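Below sits a lone chain in C-alpha cells, taken as the form deposited without this ligand.
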C-alpha cells in the first residue's frame, strides 16, 4: 500500500507511486524522473494519465512502451491546470528530464515536491521566488553533515585532466566509464570531447541517450565501438576481472585501461580532497572512484531549506528507520532556530 509521503492532500494526485496497483482516489499519477525506484510498476499495460516532463515522456514511450494516449508531458516553468489544480514543473538539477513539482491547492496551500534534486542557488530565482510554500516533500538522501562532496565542475575538471594526461602519455590506452541508469552523462561526454573521440556503447544505451534532447548528440555518441576510445559499460563490469575481459575483446588495439566509477558519496570524502584522489591499480588497469553527485550535499540542502522557510517538511528518503527519522527531525529544528522562521 502506498505510503503517505507519496500522496498530495486535497488532490487526486500521487508522486512516484506506480508499484502499489490502483491507488484508491488517484486521478493523475505524476513521475518526477526516469530512475527505477521511482518508475517501478509502469509498462505498456498502464492505462491511467501520467504527468511528467517531455524527456521523461520520451523514455516512457520508447523504453517502457507506455502508450502515447496516457502520456501527458508538461513544459517547464509554465503554469498548467491538471484536473482542476494549478501545477508548475521546475528543473531539479538531477538527471535529464528530472523535475520538482509545485502544487497550488484549491484552499490556498502551496506544496513543493522536490523529487530527487541537487539544490542550487539558481533555484532561488525560479518561480519559487514569487510565493510562500507551506509544505516541502524533501529529497533527504544526504541529510547529515558528514556528507560533503565537491562541485560537479571540480569533479569534471579532475576527470578530463586525468584522461587527457593518460592518453597523451600512452595513445594505446582505452578509457572506460561505468553507467546503470540515466544521469551523470557529463562524465563520459566531457572526457570524449577532450580526446577527440565519440563515446561507444551498446545499442540499448544508445537508444536511451537518443531520448534525452541533448544538443548535437549525433556528433558525440556511437554504437561503433571500434572507432571509439571512450567506452561505456555497465557499472557491474567496472572491476579488474570485468575490465581484463573487455580488453581481450578489443583485439590488441589497446594495452592499458583507465576506468571511472562515478559514485555518489564514499567515506574517502571525509578525509581526502578531489585533487588528492588516487586509483586502485592492478597491472595495466586503473579504476578511479569519483564523487560526482546528482543529490544535494548537506550544506546545499540546508541553504535551500533556510531560504525557502517551509512551515512543514516531509522527508522522502531515509524514512525506514527510527534513528534516521529522528536525526533528520533534529536537523530541521536546528535549521529553523538558526534562521528564525
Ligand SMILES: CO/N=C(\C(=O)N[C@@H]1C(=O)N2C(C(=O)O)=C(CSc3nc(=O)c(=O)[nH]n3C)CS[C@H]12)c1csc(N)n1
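Positions refer to the first chain, counted from 1. By rigid core we mean the largest C-alpha set that fits within 1.5 Å across both forms.
Visitor: Just give me the stretch that moves more in 9 other deposited structures of this protein: 160 to 168 or 214 to 222, judged by RMS C-alpha distance after a core fit.
Guide: Result of the core-fitted comparison in 9 other deposited structures of this protein: 214 to 222 deviates more.
Visitor: Look up the CA B-factors in the entry and say which stretch, 215 to 223 or 95 to 103, has the higher mean.
Guide: So the stretch with the higher mean C-alpha B-factor is 215 to 223.
Visitor: Out of 125 to 133 and 253 to 261, which stretch has the higher average CA B-factor listed in the record?
Guide: Going by the record's values, the stretch with the higher mean is 125 to 133.
Visitor: Given 200, 183, 145, 242, identify the residue with the highest C-alpha B factor in the PDB entry.
Guide: That would be 242.
Visitor: In terms of CA temperature factor as recorded, identify the highest of 151, 170, 269, 78.
Guide: Out of 151, 170, 269, 78, the record gives the largest C-alpha B-factor to 269.
Visitor: Consider only the C-alpha atoms of the modelled residues in this chain, order them by B-factor as the entry records it, and name the third containing residue 114: lowest, middle or highest.
Guide: For residue 114, whose C-alpha B-factor we compare with every modelled residue in the chain, the answer is the lowest third.
Visitor: Would the CA B-factor of residue 319 place it in the lowest, middle or highest third of its chain?
Guide: Middle third - that is where residue 319 ends up once the chain's C-alpha B-factors are sorted.
Visitor: For residue 237, does the deposited CA B-factor place it in the lowest, middle or highest third of the chain?
Guide: Residue 237: CA B-factor falls in the highest third of its chain.
Visitor: Going by what the PDB entry lists, where does residue 48 fall on CA B-factor within its chain: lowest, middle or highest third?
Guide: CA B-factor rank for residue 48: highest third.
Visitor: Is residue 37 in the lowest, middle or highest third of its chain when residues are ranked by C-alpha B-factor?
Guide: Middle third, going by the recorded CA B-factors of the chain.
Here the subject shifts to the form deposited with this ligand bound, a form of this protein not shown in this document.
Visitor: Taking this ligand in the deposited bound form and overlaying it onto this form via the surrounding C-alphas, would you call the pocket open or blocked, using 3+ ligand atoms within 2.4 Å of backbone or C-beta atoms as the cut?
Guide: If you fit this ligand onto this chain using the C-alphas around its site, the pocket comes out open.
Visitor: Would this ligand in the deposited bound form be within 4.5 angstroms of a non-hydrogen atom of every residue among 238, 263 and 280?
Guide: Every listed residue reaches this ligand in the deposited bound form, so yes.
Visitor: Here the chain is shown alone; which of 274, 50, 287, 42 has a heavy atom within 4.5 Å of this ligand in the deposited bound form?
Guide: Exactly one residue meets the criterion: 287.
Visitor: Thinking of this ligand in the deposited bound form, which stretch from 156 to 164, 255 to 263, 67 to 75, 194 to 202 has heavy atoms inside 4.5 Å of it?
Guide: In short, 255 to 263.
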